[PDB]
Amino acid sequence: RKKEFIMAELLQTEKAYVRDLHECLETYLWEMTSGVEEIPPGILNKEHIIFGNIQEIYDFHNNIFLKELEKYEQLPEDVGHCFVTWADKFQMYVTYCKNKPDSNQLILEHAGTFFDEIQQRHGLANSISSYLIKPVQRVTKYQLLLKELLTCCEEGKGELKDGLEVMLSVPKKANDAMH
């Protein structure tokens, strides 16, 4: 029961994270890259600073990580190995986190209400800032789910400890990368 609730949350929240990134890329990002609307000169061609590597993070989750997490649905006690298999991919959160302060100041000092106008136009509950925090949230959250599984999975649970290791190391490494 408990390991199943946790696995279900893992997957449900993974889908929502993929949906969330997708919405961010296709609304706030696309309005910059499109050429449909007038960009503030403050941010023109600065989408690399604003969004960091969120594209590459999204493609990881959407092309690989979600489909693999799904394969472990009936194998919650083994799901730590998914994090070990894909540990290298998570290093991209290190890059994301480093850029996040520069992203935020750029949006404040130089974007005016470009993104707010885009939010109203699309009718989004989440602001650009709310979307851009999500990768930071997500990456510190996997370790909470793994700890929960450890409280309710048997001696066959070194397939969780190694996963958690990796998922404690990634946010610490991103934390330690900050200026």
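Note that residue numbering begins at 1 and tracks the sequence as displayed.
The stretch 154-162 shows the higher mean C-alpha B-factor when 17-25 is compared against 154-162 in the entry. For the segment pair 105-113 and 86-94, the entry gives 105-113 the higher mean B-factor, averaged over Cα atoms. Listed residues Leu69, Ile118, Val139, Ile57 were ranked by CA B-factor as deposited; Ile118 comes out on top.
Set against one another, the Cα B-factors of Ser34, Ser127, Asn53, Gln143 in the record reach their highest point at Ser34.
In this PDB entry, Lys46 carries a Cα temperature factor that places it within the highest third of its chain's modelled residues.
Sorting the modelled residues of the chain by their CA temperature factor places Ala177 in the highest third. When the CA B factors of the chain's modelled residues are split into thirds, the value for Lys147 lands in the middle one.
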